>>> print(open('data27.txt').read())   # compact mmCIF, N, CA and C atoms and all ligand atoms
# COMPACT_ATOMS: atom_id res chain seq x y z
N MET A 1 0.84 -1.23 0.00
CA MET A 1 0.00 0.00 0.00
C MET A 1 0.86 1.26 0.00
N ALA A 2 1.23 1.72 -1.19
CA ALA A 2 2.06 2.91 -1.33
C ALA A 2 3.40 2.73 -0.62
N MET A 3 4.32 2.06 -1.29
CA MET A 3 5.65 1.82 -0.73
C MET A 3 6.63 1.39 -1.82
N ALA A 4 6.47 1.96 -3.01
CA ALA A 4 7.35 1.64 -4.13
C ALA A 4 7.43 2.80 -5.12
N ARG A 5 8.27 3.78 -4.80
CA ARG A 5 8.44 4.94 -5.65
C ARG A 5 9.91 5.37 -5.71
N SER A 6 10.75 4.50 -6.26
CA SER A 6 12.17 4.78 -6.37
C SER A 6 12.79 4.97 -4.99
N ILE A 7 14.09 4.71 -4.88
CA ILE A 7 14.79 4.85 -3.61
C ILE A 7 14.11 4.02 -2.53
N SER A 8 13.85 2.76 -2.84
CA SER A 8 13.18 1.88 -1.88
C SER A 8 13.64 0.42 -2.00
N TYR A 9 13.33 -0.36 -0.97
CA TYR A 9 13.69 -1.79 -0.94
C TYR A 9 12.63 -2.64 -1.62
N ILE A 10 13.05 -3.80 -2.11
CA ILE A 10 12.13 -4.72 -2.77
C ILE A 10 12.19 -6.10 -2.14
N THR A 11 11.02 -6.70 -1.90
CA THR A 11 10.97 -8.02 -1.30
C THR A 11 11.32 -9.09 -2.33
N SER A 12 11.52 -10.32 -1.87
CA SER A 12 11.87 -11.43 -2.76
C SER A 12 10.97 -11.43 -3.99
N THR A 13 9.68 -11.27 -3.76
CA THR A 13 8.70 -11.23 -4.84
C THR A 13 8.72 -9.90 -5.56
N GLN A 14 8.94 -8.82 -4.82
CA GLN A 14 8.96 -7.49 -5.43
C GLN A 14 9.99 -7.46 -6.56
N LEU A 15 10.94 -8.38 -6.50
CA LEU A 15 11.96 -8.48 -7.52
C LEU A 15 11.39 -9.11 -8.80
N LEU A 16 10.32 -9.91 -8.66
CA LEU A 16 9.72 -10.56 -9.83
C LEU A 16 9.07 -9.56 -10.79
N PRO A 17 8.16 -8.70 -10.29
CA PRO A 17 7.47 -7.71 -11.12
C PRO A 17 8.42 -6.77 -11.85
N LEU A 18 9.60 -6.55 -11.28
CA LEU A 18 10.58 -5.66 -11.89
C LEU A 18 11.59 -6.45 -12.70
N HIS A 19 12.67 -6.89 -12.04
CA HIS A 19 13.73 -7.65 -12.70
C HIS A 19 14.00 -7.07 -14.09
N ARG A 20 14.32 -5.78 -14.11
CA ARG A 20 14.60 -5.07 -15.35
C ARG A 20 15.48 -5.90 -16.27
N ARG A 21 16.65 -6.25 -15.76
CA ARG A 21 17.65 -7.05 -16.48
C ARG A 21 19.03 -6.79 -15.87
N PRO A 22 20.13 -7.33 -16.45
CA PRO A 22 21.48 -7.14 -15.91
C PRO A 22 21.81 -5.69 -15.53
N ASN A 23 20.98 -4.74 -15.96
CA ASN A 23 21.18 -3.33 -15.63
C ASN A 23 21.26 -3.11 -14.12
N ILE A 24 20.95 -4.13 -13.33
CA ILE A 24 20.97 -4.00 -11.87
C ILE A 24 22.24 -4.58 -11.25
N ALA A 25 22.71 -3.91 -10.20
CA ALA A 25 23.90 -4.31 -9.46
C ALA A 25 23.84 -3.72 -8.05
N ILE A 26 24.42 -4.42 -7.08
CA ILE A 26 24.39 -3.95 -5.70
C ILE A 26 25.72 -3.36 -5.25
N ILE A 27 25.68 -2.12 -4.76
CA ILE A 27 26.88 -1.45 -4.28
C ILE A 27 27.04 -1.60 -2.77
N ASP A 28 28.28 -1.82 -2.35
CA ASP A 28 28.61 -1.96 -0.94
C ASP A 28 29.89 -1.19 -0.64
N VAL A 29 30.07 -0.76 0.60
CA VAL A 29 31.26 -0.01 0.97
C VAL A 29 31.69 -0.31 2.41
N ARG A 30 32.98 -0.59 2.58
CA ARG A 30 33.53 -0.89 3.90
C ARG A 30 35.03 -1.21 3.83
N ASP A 31 35.45 -1.82 2.71
CA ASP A 31 36.85 -2.21 2.49
C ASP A 31 36.92 -3.39 1.52
N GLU A 32 35.81 -4.12 1.40
CA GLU A 32 35.73 -5.28 0.51
C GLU A 32 36.47 -6.48 1.10
N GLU A 33 37.76 -6.32 1.35
CA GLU A 33 38.56 -7.41 1.90
C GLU A 33 38.22 -7.68 3.37
N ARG A 34 37.82 -6.64 4.08
CA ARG A 34 37.48 -6.77 5.50
C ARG A 34 36.04 -7.24 5.72
N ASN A 35 35.20 -7.11 4.69
CA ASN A 35 33.80 -7.50 4.82
C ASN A 35 33.59 -9.00 4.58
N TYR A 36 34.10 -9.48 3.46
CA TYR A 36 33.94 -10.89 3.09
C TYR A 36 34.63 -11.83 4.08
N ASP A 37 35.92 -11.62 4.30
CA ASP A 37 36.68 -12.48 5.20
C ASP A 37 36.68 -13.92 4.68
N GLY A 38 36.44 -14.06 3.38
CA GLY A 38 36.40 -15.37 2.75
C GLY A 38 35.96 -15.27 1.30
N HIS A 39 34.73 -15.69 1.02
CA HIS A 39 34.19 -15.61 -0.33
C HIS A 39 32.81 -14.96 -0.26
N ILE A 40 32.14 -14.82 -1.39
CA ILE A 40 30.82 -14.20 -1.38
C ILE A 40 30.11 -14.34 -2.72
N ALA A 41 28.95 -13.70 -2.80
CA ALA A 41 28.11 -13.72 -4.00
C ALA A 41 27.45 -12.36 -4.23
N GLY A 42 27.28 -11.97 -5.49
CA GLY A 42 26.66 -10.69 -5.82
C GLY A 42 27.15 -9.52 -4.98
N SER A 43 26.77 -8.32 -5.41
CA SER A 43 27.13 -7.08 -4.72
C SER A 43 28.64 -6.90 -4.62
N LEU A 44 29.11 -5.70 -4.98
CA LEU A 44 30.53 -5.39 -4.94
C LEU A 44 30.84 -4.33 -3.88
N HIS A 45 31.73 -4.67 -2.95
CA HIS A 45 32.12 -3.76 -1.88
C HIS A 45 33.30 -2.89 -2.31
N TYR A 46 33.33 -1.65 -1.83
CA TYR A 46 34.41 -0.74 -2.18
C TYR A 46 34.83 0.12 -0.99
N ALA A 47 35.95 0.81 -1.14
CA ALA A 47 36.50 1.68 -0.10
C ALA A 47 35.59 2.87 0.18
N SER A 48 36.16 3.90 0.79
CA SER A 48 35.43 5.11 1.13
C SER A 48 36.39 6.22 1.56
N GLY A 49 37.61 6.16 1.03
CA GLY A 49 38.60 7.17 1.35
C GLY A 49 38.25 8.51 0.72
N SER A 50 37.43 8.45 -0.33
CA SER A 50 37.00 9.65 -1.03
C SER A 50 35.50 9.86 -0.84
N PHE A 51 34.72 8.81 -1.09
CA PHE A 51 33.26 8.88 -0.95
C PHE A 51 32.64 9.63 -2.11
N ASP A 52 33.47 10.31 -2.86
CA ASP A 52 33.01 11.09 -3.99
C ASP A 52 33.71 10.65 -5.27
N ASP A 53 34.86 10.02 -5.13
CA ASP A 53 35.60 9.55 -6.29
C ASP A 53 35.07 8.20 -6.74
N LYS A 54 34.04 7.70 -6.06
CA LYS A 54 33.47 6.40 -6.41
C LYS A 54 32.16 6.54 -7.18
N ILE A 55 31.45 7.64 -6.96
CA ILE A 55 30.17 7.87 -7.63
C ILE A 55 30.33 8.67 -8.93
N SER A 56 31.50 9.27 -9.13
CA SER A 56 31.79 10.02 -10.37
C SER A 56 32.25 9.01 -11.37
N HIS A 57 32.75 7.98 -10.78
CA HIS A 57 33.26 6.82 -11.43
C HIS A 57 32.09 6.01 -11.97
N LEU A 58 31.05 5.92 -11.15
CA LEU A 58 29.84 5.21 -11.53
C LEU A 58 29.00 6.10 -12.44
N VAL A 59 29.08 7.41 -12.21
CA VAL A 59 28.36 8.38 -13.02
C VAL A 59 28.95 8.41 -14.42
N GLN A 60 30.27 8.27 -14.49
CA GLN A 60 30.97 8.26 -15.77
C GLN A 60 30.69 6.97 -16.52
N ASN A 61 30.35 5.92 -15.78
CA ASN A 61 30.06 4.62 -16.39
C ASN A 61 28.62 4.19 -16.11
N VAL A 62 27.68 5.13 -16.26
CA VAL A 62 26.27 4.84 -16.03
C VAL A 62 25.80 3.70 -16.93
N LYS A 63 26.40 3.60 -18.11
CA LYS A 63 26.05 2.55 -19.06
C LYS A 63 24.58 2.64 -19.49
N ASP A 64 23.96 3.80 -19.25
CA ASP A 64 22.56 4.00 -19.61
C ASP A 64 21.66 3.11 -18.76
N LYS A 65 21.79 1.80 -18.95
CA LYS A 65 21.01 0.83 -18.19
C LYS A 65 21.66 0.60 -16.84
N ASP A 66 21.03 1.11 -15.78
CA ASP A 66 21.60 0.96 -14.45
C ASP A 66 20.58 1.03 -13.31
N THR A 67 20.53 -0.06 -12.56
CA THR A 67 19.70 -0.18 -11.37
C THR A 67 20.67 -0.47 -10.23
N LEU A 68 20.58 0.24 -9.12
CA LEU A 68 21.53 0.03 -8.03
C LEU A 68 20.85 -0.32 -6.72
N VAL A 69 21.32 -1.39 -6.10
CA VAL A 69 20.83 -1.82 -4.80
C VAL A 69 21.95 -1.63 -3.80
N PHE A 70 21.70 -0.93 -2.70
CA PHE A 70 22.78 -0.68 -1.75
C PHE A 70 22.72 -1.59 -0.53
N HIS A 71 23.90 -1.78 0.08
CA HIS A 71 24.07 -2.61 1.28
C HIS A 71 24.57 -4.01 0.94
N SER A 72 23.71 -4.82 0.31
CA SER A 72 24.04 -6.20 -0.08
C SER A 72 23.49 -7.21 0.92
N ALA A 73 23.04 -6.73 2.07
CA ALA A 73 22.48 -7.61 3.09
C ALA A 73 20.99 -7.36 3.29
N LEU A 74 20.65 -6.35 4.09
CA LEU A 74 19.25 -6.03 4.35
C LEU A 74 19.11 -4.70 5.08
N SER A 75 19.99 -3.75 4.76
CA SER A 75 19.96 -2.43 5.39
C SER A 75 19.73 -2.54 6.89
N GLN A 76 20.45 -3.45 7.54
CA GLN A 76 20.33 -3.66 8.97
C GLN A 76 20.52 -2.35 9.74
N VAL A 77 21.23 -1.40 9.12
CA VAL A 77 21.48 -0.11 9.75
C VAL A 77 22.34 0.79 8.85
N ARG A 78 23.18 0.17 8.03
CA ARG A 78 24.06 0.91 7.13
C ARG A 78 23.32 1.44 5.91
N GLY A 79 22.21 0.79 5.53
CA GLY A 79 21.44 1.24 4.37
C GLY A 79 21.37 2.76 4.29
N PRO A 80 20.83 3.40 5.34
CA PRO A 80 20.73 4.86 5.40
C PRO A 80 22.10 5.49 5.19
N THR A 81 23.14 4.80 5.68
CA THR A 81 24.50 5.27 5.52
C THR A 81 24.87 5.25 4.04
N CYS A 82 24.36 4.24 3.33
CA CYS A 82 24.61 4.10 1.90
C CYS A 82 24.09 5.33 1.19
N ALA A 83 22.89 5.75 1.56
CA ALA A 83 22.29 6.94 0.98
C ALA A 83 23.02 8.18 1.48
N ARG A 84 23.56 8.09 2.69
CA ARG A 84 24.29 9.21 3.27
C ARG A 84 25.45 9.60 2.37
N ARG A 85 26.23 8.60 1.95
CA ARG A 85 27.35 8.87 1.07
C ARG A 85 26.85 9.25 -0.32
N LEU A 86 25.69 8.72 -0.71
CA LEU A 86 25.12 9.08 -2.00
C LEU A 86 24.91 10.59 -2.01
N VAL A 87 24.44 11.09 -0.87
CA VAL A 87 24.22 12.51 -0.67
C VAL A 87 25.55 13.27 -0.68
N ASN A 88 26.60 12.66 -0.13
CA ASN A 88 27.91 13.31 -0.07
C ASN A 88 28.40 13.65 -1.47
N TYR A 89 28.36 12.68 -2.38
CA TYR A 89 28.80 12.94 -3.74
C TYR A 89 27.84 13.90 -4.41
N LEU A 90 26.54 13.62 -4.30
CA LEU A 90 25.54 14.48 -4.90
C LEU A 90 25.75 15.91 -4.41
N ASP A 91 26.27 16.02 -3.19
CA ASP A 91 26.57 17.31 -2.59
C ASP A 91 27.75 17.96 -3.30
N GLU A 92 28.73 17.13 -3.66
CA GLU A 92 29.92 17.61 -4.34
C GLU A 92 29.58 18.10 -5.74
N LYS A 93 28.66 17.42 -6.40
CA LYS A 93 28.25 17.79 -7.75
C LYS A 93 26.84 18.37 -7.76
N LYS A 94 25.84 17.49 -7.61
CA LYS A 94 24.42 17.86 -7.60
C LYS A 94 23.62 16.96 -8.54
N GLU A 95 22.48 16.47 -8.07
CA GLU A 95 21.63 15.60 -8.87
C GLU A 95 22.44 14.47 -9.50
N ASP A 96 23.44 13.99 -8.77
CA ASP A 96 24.30 12.92 -9.25
C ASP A 96 23.49 11.69 -9.67
N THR A 97 23.32 10.74 -8.75
CA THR A 97 22.58 9.51 -9.02
C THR A 97 22.85 8.98 -10.42
N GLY A 98 24.06 8.46 -10.62
CA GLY A 98 24.41 7.90 -11.90
C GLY A 98 23.55 6.70 -12.24
N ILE A 99 22.81 6.23 -11.24
CA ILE A 99 21.93 5.08 -11.40
C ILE A 99 20.55 5.48 -11.87
N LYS A 100 19.98 4.65 -12.72
CA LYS A 100 18.64 4.89 -13.25
C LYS A 100 17.59 4.69 -12.16
N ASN A 101 17.85 3.76 -11.25
CA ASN A 101 16.91 3.47 -10.16
C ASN A 101 17.63 2.91 -8.95
N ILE A 102 17.45 3.55 -7.79
CA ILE A 102 18.10 3.09 -6.56
C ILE A 102 17.10 2.44 -5.59
N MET A 103 17.44 1.23 -5.18
CA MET A 103 16.63 0.45 -4.27
C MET A 103 17.52 -0.31 -3.29
N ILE A 104 16.91 -0.92 -2.27
CA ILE A 104 17.69 -1.69 -1.30
C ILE A 104 17.19 -3.14 -1.24
N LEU A 105 18.14 -4.07 -1.13
CA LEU A 105 17.82 -5.49 -1.11
C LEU A 105 17.19 -5.92 0.21
N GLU A 106 16.18 -6.77 0.09
CA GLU A 106 15.46 -7.29 1.25
C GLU A 106 16.22 -8.46 1.87
N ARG A 107 16.88 -9.24 1.02
CA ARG A 107 17.63 -10.40 1.48
C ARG A 107 19.13 -10.17 1.33
N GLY A 108 19.55 -9.69 0.16
CA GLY A 108 20.97 -9.46 -0.07
C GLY A 108 21.78 -10.73 0.11
N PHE A 109 22.26 -10.94 1.33
CA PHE A 109 23.04 -12.12 1.67
C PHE A 109 22.95 -12.42 3.17
N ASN A 110 21.90 -11.89 3.80
CA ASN A 110 21.69 -12.08 5.23
C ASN A 110 21.39 -13.54 5.54
N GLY A 111 20.63 -14.19 4.67
CA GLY A 111 20.31 -15.58 4.88
C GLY A 111 21.53 -16.47 4.77
N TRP A 112 22.41 -16.15 3.83
CA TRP A 112 23.62 -16.93 3.63
C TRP A 112 24.56 -16.79 4.82
N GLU A 113 24.86 -15.56 5.21
CA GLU A 113 25.75 -15.33 6.34
C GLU A 113 25.09 -15.78 7.65
N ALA A 114 23.87 -15.31 7.86
CA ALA A 114 23.09 -15.60 9.07
C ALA A 114 22.65 -17.06 9.19
N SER A 115 22.04 -17.61 8.14
CA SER A 115 21.54 -18.99 8.21
C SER A 115 21.94 -19.82 6.99
N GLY A 116 23.07 -19.50 6.40
CA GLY A 116 23.54 -20.25 5.24
C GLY A 116 25.04 -20.45 5.29
N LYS A 117 25.51 -21.06 6.37
CA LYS A 117 26.94 -21.28 6.55
C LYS A 117 27.62 -19.92 6.67
N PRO A 118 28.82 -19.86 7.27
CA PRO A 118 29.54 -18.60 7.42
C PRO A 118 29.43 -17.71 6.18
N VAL A 119 30.39 -17.79 5.27
CA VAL A 119 30.37 -17.00 4.05
C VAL A 119 30.86 -17.85 2.88
N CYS A 120 30.36 -17.58 1.66
CA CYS A 120 30.75 -18.36 0.48
C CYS A 120 32.18 -18.88 0.62
N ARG A 121 32.41 -20.12 0.19
CA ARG A 121 33.73 -20.73 0.29
C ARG A 121 34.34 -20.94 -1.09
N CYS A 122 33.95 -22.03 -1.75
CA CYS A 122 34.46 -22.35 -3.09
C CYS A 122 35.97 -22.13 -3.19
N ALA A 123 36.47 -22.02 -4.42
CA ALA A 123 37.89 -21.81 -4.64
C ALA A 123 38.14 -21.22 -6.03
N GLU A 124 37.19 -20.43 -6.51
CA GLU A 124 37.30 -19.81 -7.82
C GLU A 124 37.47 -18.30 -7.69
N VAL A 125 37.60 -17.63 -8.84
CA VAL A 125 37.77 -16.18 -8.86
C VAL A 125 36.46 -15.47 -9.17
N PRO A 126 35.80 -15.83 -10.29
CA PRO A 126 34.54 -15.22 -10.69
C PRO A 126 33.32 -15.92 -10.08
N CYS A 127 33.56 -16.71 -9.03
CA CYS A 127 32.49 -17.43 -8.36
C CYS A 127 31.36 -16.49 -7.93
N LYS A 128 30.16 -16.74 -8.43
CA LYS A 128 29.01 -15.94 -8.07
C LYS A 128 29.19 -14.49 -8.48
N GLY A 129 28.14 -13.71 -8.25
CA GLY A 129 28.18 -12.29 -8.56
C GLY A 129 29.45 -11.66 -8.01
N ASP A 130 29.60 -11.67 -6.69
CA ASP A 130 30.79 -11.14 -6.07
C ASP A 130 31.21 -12.03 -4.91
N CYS A 131 32.39 -12.61 -5.07
CA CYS A 131 32.98 -13.49 -4.08
C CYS A 131 34.36 -12.98 -3.66
N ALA A 132 34.53 -11.66 -3.69
CA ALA A 132 35.81 -11.04 -3.33
C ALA A 132 36.79 -11.11 -4.49
ZN ZN B 1 32.42 -18.59 -3.65
>>> encode(input="data27.txt", output="structure tokens", more="lines below")
Ligand SMILES: [Zn+2]
Amino acid sequence: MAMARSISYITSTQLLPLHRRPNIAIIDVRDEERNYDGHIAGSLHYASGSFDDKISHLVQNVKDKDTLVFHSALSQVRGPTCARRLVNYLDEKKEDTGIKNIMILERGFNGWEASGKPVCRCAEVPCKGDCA
């Protein structure tokens, strides 16, 4: 009942009605190497030494088709922080949002970490969306 107007999270099913196409990707920030501590799937984690040199980078590579999901887990608390930095860059430039549509994942990888063994293991490089 009125809860889907850009800049919002989507439930497991909410992903069905949309599922635009590969144009979607999940952004994460913390260090990447310090977050996984092993392997992983989907969503790419990045630094934050600039906080603005990462969204100009994404803005420069909008690729036209672009859907962005932030956090990678379930916005347990950092989600708002994700938007916080979004504001930081947008503050540096203005009306940034290199992404066509920004939303937050309902599951991300909370089930895997929380109730799906520690973290992805395997022994490959391109294993899953993002495995470090
Ligand atoms: Zn893996």
>>> closest_residue(input="data27.txt", among="A:95, A:69, A:104, A:130", to="ligand ZN 1 (chain B)", atoms="only N, CA and C atoms and all ligand atoms")
A:130
>>> residues_near_ligand(input="data27.txt", ligand="ligand ZN 1 (chain B)", cutoff="6 Å", atoms="only N, CA and C atoms and all ligand atoms", output="PDB file with N, CA and C atoms, keeping the file's coordinate frame")
ATOM      1  N   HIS A  39      34.730 -15.690   1.020  1.00  0.00           N
ATOM      2  CA  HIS A  39      34.190 -15.610  -0.330  1.00  0.00           C
ATOM      3  C   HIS A  39      32.810 -14.960  -0.260  1.00  0.00           C
ATOM      4  N   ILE A  40      32.140 -14.820  -1.390  1.00  0.00           N
ATOM      5  CA  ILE A  40      30.820 -14.200  -1.380  1.00  0.00           C
ATOM      6  C   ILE A  40      30.110 -14.340  -2.720  1.00  0.00           C
ATOM      7  N   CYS A 120      30.360 -17.580   1.660  1.00  0.00           N
ATOM      8  CA  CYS A 120      30.750 -18.360   0.480  1.00  0.00           C
ATOM      9  C   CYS A 120      32.180 -18.880   0.620  1.00  0.00           C
ATOM     10  N   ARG A 121      32.410 -20.120   0.190  1.00  0.00           N
ATOM     11  CA  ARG A 121      33.730 -20.730   0.290  1.00  0.00           C
ATOM     12  C   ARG A 121      34.340 -20.940  -1.090  1.00  0.00           C
ATOM     13  N   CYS A 122      33.950 -22.030  -1.750  1.00  0.00           N
ATOM     14  CA  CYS A 122      34.460 -22.350  -3.090  1.00  0.00           C
ATOM     15  C   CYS A 122      35.970 -22.130  -3.190  1.00  0.00           C
ATOM     16  N   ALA A 123      36.470 -22.020  -4.420  1.00  0.00           N
ATOM     17  CA  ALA A 123      37.890 -21.810  -4.640  1.00  0.00           C
ATOM     18  C   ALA A 123      38.140 -21.220  -6.030  1.00  0.00           C
ATOM     19  N   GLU A 124      37.190 -20.430  -6.510  1.00  0.00           N
ATOM     20  CA  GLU A 124      37.300 -19.810  -7.820  1.00  0.00           C
ATOM     21  C   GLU A 124      37.470 -18.300  -7.690  1.00  0.00           C
ATOM     22  N   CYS A 127      33.560 -16.710  -9.030  1.00  0.00           N
ATOM     23  CA  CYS A 127      32.490 -17.430  -8.360  1.00  0.00           C
ATOM     24  C   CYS A 127      31.360 -16.490  -7.930  1.00  0.00           C
ATOM     25  N   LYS A 128      30.160 -16.740  -8.430  1.00  0.00           N
ATOM     26  CA  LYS A 128      29.010 -15.940  -8.070  1.00  0.00           C
ATOM     27  C   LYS A 128      29.190 -14.490  -8.480  1.00  0.00           C
ATOM     28  N   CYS A 131      32.390 -12.610  -5.070  1.00  0.00           N
ATOM     29  CA  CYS A 131      32.980 -13.490  -4.080  1.00  0.00           C
ATOM     30  C   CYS A 131      34.360 -12.980  -3.660  1.00  0.00           C
TER      31      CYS A 131
END
>>> residues_around(input="data27.txt", residues="segment 106-119 of chain A", least_positions_apart="4", cutoff="8 Å", atoms="only N, CA and C atoms", output="list in words")
residues 8, 9, 10, 11, 12, 36, 37, 38, 39, 40, 41, 42, 43, 71, 72, 73, 74 and 75 of chain A
>>> residues_around(input="data27.txt", residues="residue 64 of chain A", least_positions_apart="5", cutoff="10 Å", atoms="only C-alpha atoms", output="ChimeraX atom specification")
/A:23,59,98-100
>>> write_last_selection(input="data27.txt", atoms="N, CA and C atoms", output="compact mmCIF listing (two decimals), in the frame of the given file")
# COMPACT_ATOMS: atom_id res chain seq x y z
N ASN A 23 20.98 -4.74 -15.96
CA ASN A 23 21.18 -3.33 -15.63
C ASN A 23 21.26 -3.11 -14.12
N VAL A 59 29.08 7.41 -12.21
CA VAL A 59 28.36 8.38 -13.02
C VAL A 59 28.95 8.41 -14.42
N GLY A 98 24.06 8.46 -10.62
CA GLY A 98 24.41 7.90 -11.90
C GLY A 98 23.55 6.70 -12.24
N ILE A 99 22.81 6.23 -11.24
CA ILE A 99 21.93 5.08 -11.40
C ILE A 99 20.55 5.48 -11.87
N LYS A 100 19.98 4.65 -12.72
CA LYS A 100 18.64 4.89 -13.25
C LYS A 100 17.59 4.69 -12.16
>>> closest_residue(input="data27.txt", among="A:4, A:105, A:62, A:47", to="residue 26 of chain A", atoms="all atoms listed in the file")
A:105
>>> select_by_dssp(input="data27.txt", residues="chain A", states="helix (DSSP H, G or I)", output="ChimeraX atom specification")
/A:33-36,55-60,79-92,110-115
